[PDB]
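Undergrad: Generate coordinates for the sequence data below:
(7 chains)
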Amino acid sequence: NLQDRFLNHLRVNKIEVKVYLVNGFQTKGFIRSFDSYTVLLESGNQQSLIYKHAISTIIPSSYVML
Amino acid sequence: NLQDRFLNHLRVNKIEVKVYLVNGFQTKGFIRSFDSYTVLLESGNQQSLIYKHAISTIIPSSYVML
Amino acid sequence: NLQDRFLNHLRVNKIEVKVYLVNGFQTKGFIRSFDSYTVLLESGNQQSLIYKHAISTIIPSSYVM
Amino acid sequence: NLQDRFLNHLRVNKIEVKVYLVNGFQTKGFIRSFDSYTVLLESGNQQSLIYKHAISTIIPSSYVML
Amino acid sequence: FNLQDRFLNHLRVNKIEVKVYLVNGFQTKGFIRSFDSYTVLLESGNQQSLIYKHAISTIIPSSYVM
Amino acid sequence: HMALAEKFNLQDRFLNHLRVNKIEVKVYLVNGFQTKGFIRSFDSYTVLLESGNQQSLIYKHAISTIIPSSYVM
RNA sequence: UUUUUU
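TA: Numbering: from 1, shown residues only, chains lettered A, B, ... in the order given. What follows is the structure:
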């Protein structure tokens, strides 16, 4: 399925993303890990466990070919 | 049924859509694929993985008949 | 059950509806079609595929039984 | 279970309710019926079909009990 | 182990007052008369509110629990 | 004899790490609001956040982001 | 707690 193949690609290849949340904030960093309900997004120093339901859209810094 | 016939129609025939997010923002693009939970939009060589729970409306640019 | 009978009553009597979305905005059209998760709303040649999870209220122009 | 015992008690007895929506709007009326996902709310000629995921609070006109 | 129902049941049967915070920014203070899987009945005087759990962001008790 | 399987549950593993090592977290709510505290407990739908005297039963569906005070592992 | 009630 699309979601987890897209996400793993961004994980293994360490592509940097912008993550827009439904409340309106945004954050960037690298998807270190993810499960069914959360994404762990690290930005060098800082970690953010992010709930998928709060994510609006993930936008990669470089083109993902699957 | 309806939802997947409609998205596939927009994907096969490469019709451009406006997607309206539940937090007021909006995006233009082409549906390049989709699963249960997400829609992969594309415009200007840029990609947006978009969670369906964040979409309120999809408005095709051209009339779709099923 | 209540929702499909209500939705379908509006599909086949071609009753116009206002559709209030959870986020404040508001549409208006005819229910062309629907399924578990979406509603196909048409006004003229404009189609809106609308996610139910994003729908607050559906208010018909007429009365429904 | 509480939700449907409560809703159906207000349906039969014809107790007026205020309905507070997640978006901050508020309807007032009578629950003519309901299923697992919506509430059919009526006051006069006016007929609101309301999605439960959109409702925050229902507030009766009169104490309800069992 | 069920954190939610044990916490809510403790509030219910020791009649602790709570402040219930809604995702839309409203708030409401009362006692938990009752709850099932989707809703909470919050009573204050002869006022009753059926609250949908999907609209609650937080419950803050005015006493301490255990 | 070997044990059986997993899988990777990232959510529980990260929360339980925060809970037992008493790492202060900042919690962002989907309505924009935020709060601080220590995870005392959690289940499928809720997290118990204690800060001093205050206890908060926060619903997960209302949580946007959890930022810990220290790096996790 | 990822597309119609935690």
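
Undergrad: CA only for contacts and neighbour counts going forward, please
TA: OK.

Undergrad: From chain C, how far off is the residue in chain A positioned nearest to chain D?
TA: At 13.5 Å from chain D, residue A:23 is the closest residue in chain A, using C-alpha to the nearest C-alpha. Here residue A:23 is placed at a distance of 11 Å from chain C (C-alpha to the nearest C-alpha, to the nearest Å).

Undergrad: same question, residue A:1
TA: For residue A:1, the distance to chain C - C-alpha to the nearest C-alpha - is 19 Å.

Undergrad: tell me the contacts of the single nearest residue of chain A relative to chain B?
TA: In chain A, the residue that lies nearest chain B is residue A:57 (4.2 Å; C-alpha to the nearest C-alpha). Residue A:57 makes contact with A:19-21, B:48-51, B:54, according to C-alpha atoms under 8 Å, 6 or more residues apart in numbering or on different chains.

Undergrad: For residue E:39, state which of those residues is nearest.
TA: Proximity of the contacts of residue A:57 to residue E:39 (C-alpha to C-alpha) peaks at residue B:54, which lies at 23.7 Å.

Undergrad: pretty sure that closest one is touching residue A:22, no?
TA: Yes. Residue B:54 is in contact with residue A:22 according to C-alpha atoms under 8 Å; the separation is 6.7 Å.

Undergrad: which residues in chain A form strands?
TA: For chain A, strands defined by DSSP state E occupy the ranges A:16-21, A:26-34, A:38-43, A:46-51, A:55-60.

Undergrad: what sits in contact with each of residue B:54 and residue A:22?
TA: With C-alpha under 8 Å, 6+ apart, residue B:54 and residue A:22 have common neighbours A:55-56, B:22-23.

Undergrad: Tell me the residues of chain A that contact chain B?
TA: A:1-3, A:22-24, A:53, A:55-60, A:63-64 (C-alpha under 8 Å from any C-alpha of the partner chain).

Undergrad: These also near RNA strand G: which ones?
TA: A:3, A:53 (C-alpha under 7 Å from any atom of the strand).

Undergrad: For PyMOL, write the select line for the buried members of the residues of chain A next to chain B.
TA: Filtering those down to the buried ones (16 or more other C-alpha atoms under 10 Å in any protein chain shown) takes a single PyMOL command:
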select buried, chain A and resi 2+3+22+23+53+55+56+57+58+59+60
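
Undergrad: could I get stretch A:36-49 in CSV with only the CA atoms?
TA: Extracted C-alpha coordinates of stretch A:36-49, given in CSV (Å, rounded to 0.1, in the frame of the first residue of the first chain):
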residue,chain,number,x,y,z
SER,A,36,0.0,2.6,12.3
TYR,A,37,-0.8,5.7,14.4
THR,A,38,2.4,7.7,14.7
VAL,A,39,5.5,9.0,12.9
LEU,A,40,8.7,9.8,14.8
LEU,A,41,10.2,12.9,13.1
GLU,A,42,13.6,14.0,14.1
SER,A,43,15.4,17.2,13.3
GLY,A,44,19.0,16.7,14.3
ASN,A,45,18.5,17.6,17.9
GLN,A,46,14.8,17.4,18.6
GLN,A,47,12.3,14.5,18.3
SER,A,48,8.6,14.8,17.8
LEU,A,49,6.3,11.9,18.0
